[PDB]
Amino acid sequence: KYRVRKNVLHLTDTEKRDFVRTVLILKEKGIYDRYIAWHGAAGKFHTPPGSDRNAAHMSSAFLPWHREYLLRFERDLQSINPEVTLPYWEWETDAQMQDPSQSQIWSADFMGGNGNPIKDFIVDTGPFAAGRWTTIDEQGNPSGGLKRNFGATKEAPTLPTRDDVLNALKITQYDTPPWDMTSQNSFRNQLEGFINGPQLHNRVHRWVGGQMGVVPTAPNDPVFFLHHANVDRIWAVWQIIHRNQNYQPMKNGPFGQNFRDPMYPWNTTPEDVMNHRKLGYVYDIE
């Protein structure tokens, strides 16, 4: 109820400087890479083997996993500077723009810009520019630069809209059998983006392009966290009507996707993280 997580657009210049700076410190120490690795790792962890589900995606644990991810990340930032929290990127209002790429989130003082065509869409503005920020590939090897290409795909030329959000927010069930990319009338599946894909979360990933467009590489872009903070906030909002909806499945689901199963690669359960307040942070507006 203490750490206040803010809209990237309500941050002061000081808050921006200090968040970027903390992020770079984590990078330099070597801790930022644990997160790329963790996310890649859970990606190839099938629940169960022979299945389309993995620990972080395409199943119920998708949300509590990323919540857990983000908590650990914020707490690492904290160890550096106890003032800094995680901002969220409200992409749905950026959807209202003529050119969403002109959002202040992509200023050189913050995330930096879209990839440069002349340079194969490598990001060359901001602090996370090539030369300033090392990327890691799927094998855990240096890849040579952050890439971005806003709206380059045919499936994801635009961002989710406010109306897409209100629409997921109407779903009353958290998730439904079989607990996968096929689940219908599922808030989890709808938020994730598979119902008439790609929507919301998935659409945003696809819209950014670069590493962000590929599962094993997405957390090479620090805006991965900004995006997953908006996702986590929307889940918070859904849970603002009461309560956690027994987070299906409670039981009898695949191991690692039940209320009290450990979420690889950690020992943390979904229940462990169902209430964000208990975790120690709150969203602005709350």
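From 1 onward, residues are counted along the sequence shown. Note that the rigid core is defined as the largest set of C-alphas that superpose within 1.5 Å between two forms.
Looking at 239 to 247 and 60 to 68, the one farther from the shown form in 4 other deposited structures of this protein by average CA distance, after a rigid core fit, turns out to be 239 to 247. Stretches compared: 246 to 254, 221 to 229. Higher mean C-alpha B-factor in the entry: 246 to 254. For the pair 110 to 118 and 205 to 213, the mean B factor over Cα atoms is greater in 110 to 118. In this structure the maximum Cα B-factor among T161, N189, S143, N81 is found at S143.
Across the residues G151, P87, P198, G131, the deposited record lists the maximum Cα B factor for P198. Annotation for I240: C-alpha temperature factor in the highest third relative to the rest of the modelled chain, per the entry. Sort the chain's modelled residues by C-alpha temperature factor and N54 lands in the lowest third, per the entry. Among the modelled residues of its chain, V123 has a C-alpha B-factor that falls in the middle third according to the deposited record.
Ranked against the other modelled residues of its chain, the C-alpha B-factor of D76 as given in the entry falls in the lowest third. Among all modelled residues in its chain, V23 ranks in the lowest third by Cα B-factor.
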